[PDB]
Student: 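After the structure tokens below, expect a handful of questions from me.
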Amino acid sequence: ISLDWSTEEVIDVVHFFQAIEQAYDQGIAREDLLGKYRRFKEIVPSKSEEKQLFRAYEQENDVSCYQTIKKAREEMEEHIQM
Amino acid sequence: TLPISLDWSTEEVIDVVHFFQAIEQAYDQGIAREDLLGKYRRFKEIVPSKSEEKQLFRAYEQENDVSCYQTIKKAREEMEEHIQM
Ligand SMILES: [Mg+2]
């Protein structure tokens, strides 16, 4: 059973997608991006919901939320640029 | 015609498992268009190669009465949210 979001949670999710965009712009610190992702997953624990949000966001933006986060999780590079 | 070998992470294996389960769900009680496509999108993140995708669909369909192509095609082209094959 899923839980509805508080206004604070909505903002945290907005910040997450803005972090993804930042990765494709001037870049973002690994620690920053992972922190935004950690928070995103606290709010969206469902793997299915995550996939739906990622696809919906990518429909209008030429980015890959999955590949960006995968890189941040697996690589030790301090600065991430997609 | 090269013999395919797949190198996926643990989570990616499960993402692929969820994709095929999604296709099966479409033939059972049905599934939401958005969920199905979300899982197909992830499948393509893991299997960007069209040749690998084609062979995986074939491998699954050889033992399961479903059509990955028909299901995703219908989902992509039609607007109804509830998809049932
Ligand atoms: Mg409710």
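In what follows, chains carry the letters A, B, and so on, assigned in the order in which the sequence lines appear, proteins first and then strands, with residues in each chain numbered from 1. Computed from heavy atoms alone, side chains included, the values below leave out hydrogens, waters and symmetry copies.
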Student: Backbone N or O of A/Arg73 within a donor-acceptor pair of the A/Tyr37 side chain at under 3.5 Å?
Tutor: no
Student: Before accepting this row, confirm whether a basic side-chain N of the pair A/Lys51/B/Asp15 lies closer than 4.0 Å to the acidic partner's carboxylate O.
Tutor: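 Salt bridge present between A/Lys51 and B/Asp15.
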Student: Passes side-chain contact (heavy atoms from CB on, under 4.5 Å), B/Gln84 versus B/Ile31? Steps please.
Tutor: CA-CA 7 Å; B/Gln84 201 167 315; B/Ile31 185 172; over 6 Å; no
Student: Please round to the nearest 0.5 Å and tell me the distance separating atom CZ of A/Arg55 and atom CG of B/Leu37.
Tutor: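 Between A/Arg55 CZ and B/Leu37 CG, I get 4.5 Å after rounding to 0.5 Å.
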Student: Show the numbers, then the answer: is there a side-chain contact (heavy atoms from CB on, under 4.5 Å) between A/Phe40 and A/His15?
Tutor: CA-CA 9 Å; A/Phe40 171 83; A/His15 289 345; over 6 Å; no
Student: Just wondering, are more than 12 heavy atoms of other shown residues or ligands nearer than 6.0 Å to CE in A/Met76?
Tutor: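 Count not over threshold, so no.
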Student: If only atom types and distance count, is the side chain of A/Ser46 paired as donor or acceptor with the main-chain N or O of A/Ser48 below 3.5 Å?
Tutor: yes
Student: Can you check salt bridge (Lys or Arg N to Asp or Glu O under 4.0 Å) on B/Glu45 and A/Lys70, steps first, answer last?
Tutor: CA-CA 11 Å; B/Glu45 283 280 12; A/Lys70 181 182 177 63; over 6 Å; no
Student: How many angstroms lie between atom CG of A/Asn61 and atom CD1 of A/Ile20, to the nearest 0.5 angstrom?
Tutor: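 These two atoms lie 10.5 Å from each other.
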Student: For side-chain contact (heavy atoms from CB on, under 4.5 Å), just list the numbers for B/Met85 and B/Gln70, CA-CA rounded to whole Å, side-chain angles, deciding distance to a tenth of an Å, and then say yes or no.
Tutor: CA-CA 9 Å; B/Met85 305 297 289; B/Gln70 283 181 41; 4.0 Å; yes
Student: Is the backbone N or O of A/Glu21 less than 3.5 Å from a side-chain atom of A/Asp25, with the two atoms forming a donor-acceptor pair by type?
Tutor: no
Student: Please examine the side chains of B/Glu81 and B/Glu34, heavy atoms only from C-beta on, and report whether any two atoms are closer than 4.5 Å.
Tutor: yes
Student: Using 30° and 60° as the class boundaries, would you call the ring planes of B/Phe57 and B/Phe20 parallel, tilted or perpendicular?
Tutor: perpendicular
Student: Do the side chain of B/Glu61 and the main chain of B/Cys68 share a donor and acceptor less than 3.5 angstrom apart?
Tutor: yes
Student: Does a side-chain heavy-atom distance below 4.5 Å link B/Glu12 with A/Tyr66?
Tutor: yes
Student: Does any part of the side chain of A/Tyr24, heavy atoms only, come nearer than 4.5 Å to the side chain of A/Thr68, both counted from C-beta?
Tutor: yes
Student: Would you sort out whether A/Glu77 and A/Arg30 count as a salt bridge (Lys or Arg N to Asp or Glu O under 4.0 Å), showing the intermediate values?
Tutor: CA-CA 7 Å; A/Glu77 320 303 301; A/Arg30 183 195 188 194; over 6 Å; no
Student: Apply the test side-chain contact (heavy atoms from CB on, under 4.5 Å) to residues B/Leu56 and B/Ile4: give CA-CA distance (whole Å), side-chain angles for both, the deciding distance (0.1 Å), then the verdict.
Tutor: CA-CA 10 Å; B/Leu56 282 165; B/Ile4 296 163; over 6 Å; no
